[PDB]
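Here it is, the structure in full.
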Amino acid sequence: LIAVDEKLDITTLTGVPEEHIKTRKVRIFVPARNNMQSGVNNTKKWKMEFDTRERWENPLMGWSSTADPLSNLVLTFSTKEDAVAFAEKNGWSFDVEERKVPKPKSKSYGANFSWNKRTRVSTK
Amino acid sequence: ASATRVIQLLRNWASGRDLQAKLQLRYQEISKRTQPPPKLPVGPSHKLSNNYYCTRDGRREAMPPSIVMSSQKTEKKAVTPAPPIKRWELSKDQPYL
Amino acid sequence: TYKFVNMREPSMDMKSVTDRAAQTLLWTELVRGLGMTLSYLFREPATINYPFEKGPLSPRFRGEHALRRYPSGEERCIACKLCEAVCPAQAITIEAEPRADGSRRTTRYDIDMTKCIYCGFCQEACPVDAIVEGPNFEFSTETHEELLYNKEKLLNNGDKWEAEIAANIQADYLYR
Amino acid sequence: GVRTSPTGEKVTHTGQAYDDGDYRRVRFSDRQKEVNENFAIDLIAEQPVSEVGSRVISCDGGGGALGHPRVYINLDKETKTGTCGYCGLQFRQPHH
Amino acid sequence: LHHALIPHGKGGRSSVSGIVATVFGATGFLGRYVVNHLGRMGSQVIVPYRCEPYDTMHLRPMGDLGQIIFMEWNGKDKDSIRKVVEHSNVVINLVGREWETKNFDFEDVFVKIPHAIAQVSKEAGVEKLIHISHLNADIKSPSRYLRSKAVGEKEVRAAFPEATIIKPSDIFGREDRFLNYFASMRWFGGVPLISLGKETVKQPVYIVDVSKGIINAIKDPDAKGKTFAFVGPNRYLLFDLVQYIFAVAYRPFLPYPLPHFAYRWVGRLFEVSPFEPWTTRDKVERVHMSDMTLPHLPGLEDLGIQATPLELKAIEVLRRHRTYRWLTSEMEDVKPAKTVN
Amino acid sequence: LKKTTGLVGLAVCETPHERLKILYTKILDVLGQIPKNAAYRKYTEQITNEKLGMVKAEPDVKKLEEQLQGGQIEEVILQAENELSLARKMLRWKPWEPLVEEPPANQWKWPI
Amino acid sequence: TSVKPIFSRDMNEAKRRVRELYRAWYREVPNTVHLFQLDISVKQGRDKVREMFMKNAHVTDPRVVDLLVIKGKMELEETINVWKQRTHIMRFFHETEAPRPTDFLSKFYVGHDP
Amino acid sequence: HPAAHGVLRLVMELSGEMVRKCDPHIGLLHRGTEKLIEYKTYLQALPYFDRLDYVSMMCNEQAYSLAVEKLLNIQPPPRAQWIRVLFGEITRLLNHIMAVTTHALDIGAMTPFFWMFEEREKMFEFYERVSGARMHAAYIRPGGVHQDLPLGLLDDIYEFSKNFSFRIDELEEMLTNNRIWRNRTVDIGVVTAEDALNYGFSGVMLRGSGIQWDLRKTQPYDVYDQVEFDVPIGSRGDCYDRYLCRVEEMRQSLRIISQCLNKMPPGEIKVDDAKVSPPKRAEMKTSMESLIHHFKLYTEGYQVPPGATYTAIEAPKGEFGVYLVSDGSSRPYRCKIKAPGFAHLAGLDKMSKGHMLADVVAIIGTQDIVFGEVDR
Amino acid sequence: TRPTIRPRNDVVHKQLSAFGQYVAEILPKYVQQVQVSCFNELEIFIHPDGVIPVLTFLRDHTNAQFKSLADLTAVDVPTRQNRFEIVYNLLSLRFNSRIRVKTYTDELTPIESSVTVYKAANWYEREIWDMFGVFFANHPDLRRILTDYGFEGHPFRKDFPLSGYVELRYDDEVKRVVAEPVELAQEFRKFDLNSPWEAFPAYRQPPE
Amino acid sequence: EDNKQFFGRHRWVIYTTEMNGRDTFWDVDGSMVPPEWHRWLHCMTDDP
């Protein structure tokens, strides 16, 4: 069992082009909750996605063309540390966004009928 | 099929079978290309009462696999994955070709 | 149960040995194969006289695509993108906006017929019977671009094949 | 109701027509432009308005299971007709 | 610029380069190379063709879907010329025959057709015109080919003052005439040369270099109304050139001097073929003629192209002429020819 | 006694009982070198003595095949040879030792 | 932390294997040019081998070096057994790709790429 | 090459015409089916299985549907199961016809190819009647089958099955006792039972070597535990024994087809669970819950509980298996496709030891390789 | 009756659990975990260097005759330190059963080749190497099996793009097929299908 | 139509010698049949 005092780096093995190794900055983050729904089941795992590149219009049929291999590549991680480790060992740059959880809120149905406070509601 | 009697005899003699019994061309013996409309059945869950999805939800009865042994956590008889497969019986219909 | 395809032994009596020797020296099974081929020669061929005769088809056949209309002339498609979502090969591209009269109607409805796998999922997912797969299958072209249908081409296909499409849907709609 | 652009090119029901300086008009030279002559908006405008004596009507597009999902239209606004937006069909209560 | 003419992408097959080019004479050697380069860029290419559509098939894979458009054209029909140049901002002219047929002369293919293309393109508003001429285009040249080349160059300059006139020396490549014509004289015994090829100096130019120079002349904004000379890096004597050609082809080299009148009569004999002639009198004159030196005109180095020496690309053309004994011989096995610089 | 075993490459053995006894004795000999408390040793010794007892009590081949429920007698012999080879390899491997290494903290978690 | 070595233990044996593979590739270029009928020179092939070896010169992990030499042996035996065609051998040279710009001004002119 | 099935590069070392080694180069028909399946949903990935072994298409669909239903913890209706088994045996007839006739064509005989391909045309008509597509039906789906049979399909299938044993007999009249065919096939590509098991063969290869193993008998699926049939068993493990096994399997599949025709039950065709299988068109256009479930099933697809399974069936070419891994989403996390022909083509080199070029052609034919499923 | 719910087999579940306990007791040095899924499939998680002993035991043992290797593949889970998960599927014909053995590895750690236990492991491990990058130590011939000659990268990895990085075409200038960077006329439209509402409460994970 | 012929040969069409503006005396396509007769000829129905 050999001992290596080196950082893990598999860029030479992954087969990714040098352009898409050096000029790529992934975004490690937990996706924001879709404001159109009240569910929070899509805000539990960390995601790693790349930076947006150019999209142009196909001269024929007017479709959306691309020249970026990693446009649709999104990776799922259970932990910010795991995502950072994967990005470091694959050699891409990365920007980390801290997870935003809602702060606890004090709710009371009896506050809707306060005797002297403004929390009294004018309609139900 | 439309063929002469002599040609049918020659075909039967050459092949050794009565070909007219088993013809490989379809002559009005197949179903009509137009059929009366059907009325398909509904199913077992088309009741109007005593039919709640919580009592007939297959996906919600699935469970994570049971952890029989985990390292992290008398003389027993040796066991097998299952009882040994029984010896097959020779076919009564036609044991040999 | 099981059976043995080949585990029989031949009888060694003189008559059977002589029969096998006659089969070896006089090519009996080869003559039998010749007779079978001669019988097939004197049988009637199973060839149809295309293009004057066509092979049978069914109301469920999935051929060329078409966009249908209501009997009033209004387009059935409501830009709901269910077919686009369910398309396995991503052959459908849809773009829509409110129309002049406020209708929810498409402006771009493209199907790449060189990407489509003719699986029939789009007509299953359509809630208004707008996109259908017609009975046409003889629409081969000489250039690749001619197979990249757009909304005008699909509407022309629907107008061209509406009678047969309607008849097939009437025939087969009770099984769906 | 097909209409002709100033360059002589037919205008589709989506208003599509290449500009005068657009090079992409070269694809139609020695060939044709595929335009559907029937306009669904014009045809559905040609369709009349059905008068029914009920506050709520139902439309399934005709044909039953061969039409569109059945929806209910509330005919209470007397300043306009209630339009089934699956098939663009107008309904109205009898006035006067 | 129109909103659809703005370049987009990364210069690939599916990108947009903003170049809409009508390429006359695209069903040929230089034509196929130029069309391939344009389609590789990702440009819109229009191919006017008078031949059978079966002979345009090699141009189909050269571009993405819809980027290559084939339309008929006459040459005597300014209506067809306008039809094909109406929607293009670049017009490239490579029309030319090395021989003369019944219906088209050297006057027709090199004076009338180029002038009609230039005049019609000016009316249609085409932004850029590229016109291919010959390096030895002299009005008093012994060759009707080159006299017509000079007259057509003057007519094109008069009709379209903002043109780019390119004058290659002698294009050599896989489908060329030059190396194949020299290497196909094995069948006629020896190699007849006028003055044994000792009084002729030639510097041929590579086909890919010519096509790249044509492409870069479109992209360069300060080459609008100019004239270029496309020549190779090395000048060879004709004897040394043919000797190197035969050495690379691994064929026995048997040169012999044939007087000019005898060679002219031989060329007259071979031009009676209704099909493509093997050689002609004008071809003999051009082969004997030494390439001109025009240091004042710009060239490949001015357009950004490093001219490829013949010693690097000769084996692509001449390996086909080898026998089984010498098919696998490598490029370095033959010593480079003696140059005259 | 029988013409063939019915399986390609499996020859018929004229002395099944003696060969089975030899193989079981060799297997039991190899298992004596395995530690007494090893879980592998107990189970395979139990099954071998169970099968060795059957071969020593039934002289008929057909009834022995019925009782062993291991296919044909040639298949039983081949399985005994495989068990002997496995016993030797396990003697070399020594897999009764404690676990080599616990996995990382989250290695078999699913979904993840 | 001690890890299982693929080969080579420390870096010296990995360098030795790199040298062995480099010799194997260097002695193969004439055969590759002869068999595939390449129009490139033998010097060009040797230079390409040197260049492909040199782009991994920054690796300091012996296991990564071992995997690289394993893959180099694989693609060498594809060349020796003529499993590859001239297509792949010339794919090594990128003979058809246009030269990408590398300066800020040119990259700014052409498009939005970084 | 005519005998290479189109996308096989067999690099062979020959001493004269004797084969020294076979090195099958595959991947010329590799498309990335498993990655694409990862990117598709469970309903969108079914045609991929339809296109894997494109000669046993409803068999591939049935295997995939069994895997997905096992993960979902649902159950198809009995009529759906009976239709599945009936069309699985029809597909087995199609596949065995193709295999035997292409084998005989590589050997040199073509007349049986033409006859049995007319029979294949009739079975294609059956496929098109049920599904609308002649071969790539996408008919068997997780939860049951897409649509019900038309009102003459059973009678036409009965007529076809009635008139097919004569076609099999005519096929046997040209090959079974022909001495040239026996010379070409007998004692060619002999594989022992232990070698077959270790190399991972399945189905006709094992049974030709003499192994009494059939998935439809040992690990039944759908309603294969309610039908009676016999499993052919070989004796010498050669091409001739495997050919006899395939012919007898065609006859036993005719048995099963007759049993299915007689025992077809009434009822619905898919699980009555609108969260897995879509509702009917009328219910979708009249019921709000049905419309919602149709929308969600055809846009997002049903979620599958997390878990990994390996489900295998006795496809006409051997054991066809799927290892499906679901992470709880509406799209599969992993899908490994175990094609029976992969192991057989891996074992091609051993079977061709001491043989010749024509013998290798015969061995390929008896292995019955589909490179669509081999490469995926 | 519950016609729409899959019936369960407690007998087979108990038998599989008992055999899992059996193998775990026999091989404590390698077996890390034993599970029985509710649809009666036995799954064994072992140490990566116990592959050869465990497979040889499961093949040659009298009470476990898993003489057939049904399948052999890997699963990529980038969130794990050992992203690659090697899976062996074995079939025992004598006892009419199936078993699964799972091990783990990362990019730079080899896994012992099981071609000496099963001959199908040859091509199965060749495919695993070609599609994931896992190296198998003692393999008679380890090379690419499915990808093109000279193909760079392992495509079944989660971090590999769906369309790859290069695409092929015929170039008329060089008279051969060429490989150039991938460029799509229509980009693959990525869809977000997951609903934000939890479907299966039985699989809910602790908030942690 | 000739119901005595086997299935596939019991219905056939003799194409016209001129359709639209193309002379189809020899150049006859399978796409020259209007959809109703197409349905009848391909046997999606029994009713002409």
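A, B, C, D, E, F, G, H, I and J are the chain letters, set down in written order, and residue numbers restart from 1 in every chain.
The rule is short, and it goes like this: a residue touches a chain if its C-beta (ideal position, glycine included) is under 8 Å from a C-beta of that chain, and two chains touch if they have at least 3 such contacts.
Each chain and its UniProt protein: A = NADH dehydrogenase [ubiquinone] iron-sulfur protein 4, mitochondrial; B = NADH dehydrogenase [ubiquinone] 1 alpha subcomplex subunit 7; C = NADH dehydrogenase [ubiquinone] iron-sulfur protein 8, mitochondrial; D = NADH dehydrogenase [ubiquinone] iron-sulfur protein 6, mitochondrial; G = NADH dehydrogenase [ubiquinone] 1 alpha subcomplex subunit 6; H = NADH dehydrogenase [ubiquinone] iron-sulfur protein 2, mitochondrial; I = NADH dehydrogenase [ubiquinone] iron-sulfur protein 3, mitochondrial.
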Exercise for review: Please give the intersection of the contact partners of subunit B with those of subunit I.
Suggested key: C, F, H
Practice item. If you tally contacting C-beta pairs, which comes out ahead, B-J or F-I? Let me know. Key: F-I
Practice item. Could you tell me the distance, in whole angstrom, between the mean C-alpha positions of subunit A and subunit F? Key: 55
Exercise for review: Take the average of all CA coordinates in subunit C, do the same for subunit I, and state the distance between these two points in whole angstrom.
Suggested key: 36
Review point. Where the centres are mean C-alpha positions, what is the separation of subunit G from subunit J, in Å?
Key: 63
Exercise for review: Please compute the C-alpha centroid of subunit G, do the same for subunit I, then give the distance between them in whole Å.
Suggested key: 31
Review point. What are the residue numbers in subunit E that touch two or more other chains?
Key: 4, 8-10, 12, 14-15, 40, 44, 64-66
Review point. What positions in subunit I touch 2 or more of the other chains?
Key: 3-6, 22, 31-33, 37-38, 41, 43, 63, 79-81, 93-94, 96, 108, 144, 148, 162, 171, 173, 180-181, 183-186, 188-189, 194-195, 199-200, 202-203
Study note, to complete from the structure: Where subunit G touches two or more other chains at once, the residues are 3-4, 61, 63-64, 67, 83, 96, 111, 113
Exercise for review: Please give the residue numbers of subunit B that touch subunit I in the complex, ascending.
Suggested key: 44-45, 56, 58-71, 78-85
Check your understanding: Can you list the subunit J residues touching subunit B in their complex?
Key -> 3-4, 6-7, 43-47
Point to revise | For the subunit C and subunit B complex, residues of the former touching the latter | key: 1-8, 32, 35-36, 38-39, 42-44, 46, 56, 171, 174-175
Exercise for review: Write out the stretch or stretches of subunit F touching subunit I in their complex.
Suggested key: 39-40, 43-44, 47-48, 51, 70-71, 79-80, 82-83, 85-86, 89-90, 93-104, 106-108, 111-112
Review point. In the complex of these two chains, what residues of subunit E are touching subunit C?
Key: 65-66
